[PDB]
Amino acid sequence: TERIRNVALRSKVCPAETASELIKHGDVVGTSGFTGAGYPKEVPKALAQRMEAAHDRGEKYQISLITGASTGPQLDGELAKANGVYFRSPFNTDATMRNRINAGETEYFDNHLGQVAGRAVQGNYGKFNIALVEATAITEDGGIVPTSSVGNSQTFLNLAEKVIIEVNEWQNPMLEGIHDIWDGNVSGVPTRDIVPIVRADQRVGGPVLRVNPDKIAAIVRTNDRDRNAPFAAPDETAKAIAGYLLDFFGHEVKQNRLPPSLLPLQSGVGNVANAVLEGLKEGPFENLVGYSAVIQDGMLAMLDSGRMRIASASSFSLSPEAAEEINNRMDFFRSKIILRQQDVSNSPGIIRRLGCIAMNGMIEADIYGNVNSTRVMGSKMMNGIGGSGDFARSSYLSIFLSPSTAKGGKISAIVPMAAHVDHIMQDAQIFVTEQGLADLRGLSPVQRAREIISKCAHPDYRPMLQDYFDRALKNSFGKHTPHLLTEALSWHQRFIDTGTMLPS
């Protein structure tokens, strides 16, 4: 059956190659795409090739690439290989693209996910020349059905001078109706609307993105998969972490600090946070509700089981086996899931109001519980801050999760001082590693250190950490957040110098 149900628009169908000629050098391009779901695929490949060509003839051919969040090989990958991106925001997981960034060849700024649309509208990324969005279908009145994510697509369609739609036959047609697009002013000129969500399952908008059809400069038919990587097999660490958390939830419930069905749950991108969801699938908690940025395999798992009654997010980020599972029973899942704009899914007003429990991964935390989510050694970008800021600061409870070591034991995930800071102390209440769980609510920094060190640090590093803290207590310039500046970053330096944080 036809995907473009509006007949007049079919005359705008042109091939991927011809569509990409619409994109010029220096263009700011806004695309769909969020955690490897629903990013444009064909036009970027075609644009990539034409970019390499222009380079061999010594012509400049680069764009600024603004997305919802991370994309995939067809987009971040291809443009990175073609060296076609002078600026990138706000979130990436592609290796070629990460390397360009860490080599200074692509400029990068990882904005809070929930703020990107608002900043786009303020003009921060400049003027948008292109909105390139993937669609499941085009309705009879010219509405665009998003695919596996909503992200920032509505805002890009609003701002861009020209619009290109990719209709992707690979995407299940029953995705139609799963989205909730608001025509409210969420991220526009203040004063903004109250976004009246008071329930994780509430719909307040409609099932399509709206765009003036005079702007649609091209529609391209496609058939290509969301290349979403599989989720690491949950190991000994994953399980231990899950257990400590589950016990903690259990005790909150018993003390009547949480209800038996907990609160609306957010779980961030990454293997660890996912592995904890798997733990909950089997746990003793039911009537769970998800209010997140992403629906990862584990969350899809709980929807299946029936332990979670509904999940709100901006996209699903599913492994290839889980992606399959859904394209099949789409009939069943379409009623368990609401896909929103990222500026609504990551709206701090809403997150706080629903009182979400925030579960995110981290690179590292220092003994005081300042968190690093992005920059290894303080200078080398991993993925980005994503929505970890949005949720951590807004949440009812902010929880961070990590193996106590990285790189086969050679790095400690608990350090004297974090090399870069994403989440300050005030934004982290709970730490969980495979060693145990630290509850920091109500503690001074010095009390935070005692808990982090005794509960979360790996036994190979606990004494080194304790030694650092004991001596900082005696010699620090102030005693409120004791530090020895001569050695605060020395574990990181030692790793750079010797390949391990352990002494000789």
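When you see a residue number, it is the position in the sequence shown, counting from 1.
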ask   = Taking only the CA atoms, which stretch has the higher mean B-factor in the record, 276-284 or 261-269?
value = 276-284
key: Per the entry, higher mean C-alpha B factor between 194-202 and 362-370   = 194-202
message = I'd like to know which of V446, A438, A54, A457 has the highest C-alpha temperature factor in the PDB entry.
response = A54
note = Reading the B-factor column for Cα atoms of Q122, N228, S379, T405, the highest value belongs to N228
task = Report the third (lowest, middle or highest) to which the CA temperature factor of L465 belongs, ranking only the modelled residues of the same chain.
result = lowest
message = By the recorded C-alpha temperature factor, relative to the other modelled residues in its chain, which third is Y108 in?
response = lowest
remark   = Quick tally, chain-level thirds of C-alpha B-factors: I241 sits in the middle
message = Where does the C-alpha B-factor of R334 rank in its chain, lowest, middle or highest third?
response = highest
query = For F128, does the deposited CA B-factor place it in the lowest, middle or highest third of the chain?
reply = middle
